[PDB]
């Protein structure tokens, strides 16, 4: 099965956002910084009341809930997670708004409905390079003439290794990376910036904006680690020491990587 949600609730903030947060103010709590990230991403889609927003890889729904409440738009979210689909539908059934709200347990490969805007945060890393062209073709064909998509994903730093770029690449990296791709992003892939640009532009997309959040991810990871650690006993009771150590190793290790510049997190604004 998939890792139990009661496990995730041991380190994620209340909204259950599972992606790099945005510390607009350094004093923000994790929940405040995750709400800040949602507003940052959505603010770029120039949302207007009555529009329809597609959330590709919606997780537990915080982004779509925010879109409805703060921006007053209709939403639709796709996820591959059984637990999330059910959780988001229950969420949807509990709230009251004349806004349409739909959640679907299916990949972006099967979605083919016209929407006004698209947002995808932390999903792209799970797609795998071989499907990139398809993803951009599908998202580009569902968007309108004035459509835009906000693609938020982990990326590999560009060639700056010269006169900079901790040119170290061996063990205390290579091995960990295999660990990350095997345990954290099974069948996934971390793209280079040139690659994102490559496939996006090849379907007609114009990359009109890019924003890096490198150091915000390091602090997000630190906070998830601190929370998991404080809830160690409960984490081990619900799952196991193996899973616990697995995640602590992931969180603490990646925090170091983004902090040292080995990896980055970018938000790409793409216009049809």
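Residue numbers count along the first chain shown, from 1.
Taking only CA atoms, the mean B-factor in the PDB entry is higher for 231 to 239 than for the other of 231 to 239 and 199 to 207. Per the PDB record, of the two stretches 15 to 23 and 249 to 257, 249 to 257 carries the greater mean B-factor over its C-alpha atoms. Highest C-alpha temperature factor among 152, 171, 129, 117 per the entry: 171. Highest C-alpha temperature factor among 175, 140, 133, 87 per the entry: 175. Per the PDB record, residue ranking by Cα B-factor puts residue 271 in the middle third of the chain. In the PDB entry, residue 74 places in the lowest third of its chain by CA B-factor. When the modelled residues of the chain are ordered by C-alpha B-factor, residue 48 sits in the highest third.
Residue 100: CA B factor in the middle third of modelled residues in this chain (values from the PDB entry). Remark: residue 144 belongs to the middle third of its chain, ranked by C-alpha B-factor as recorded.
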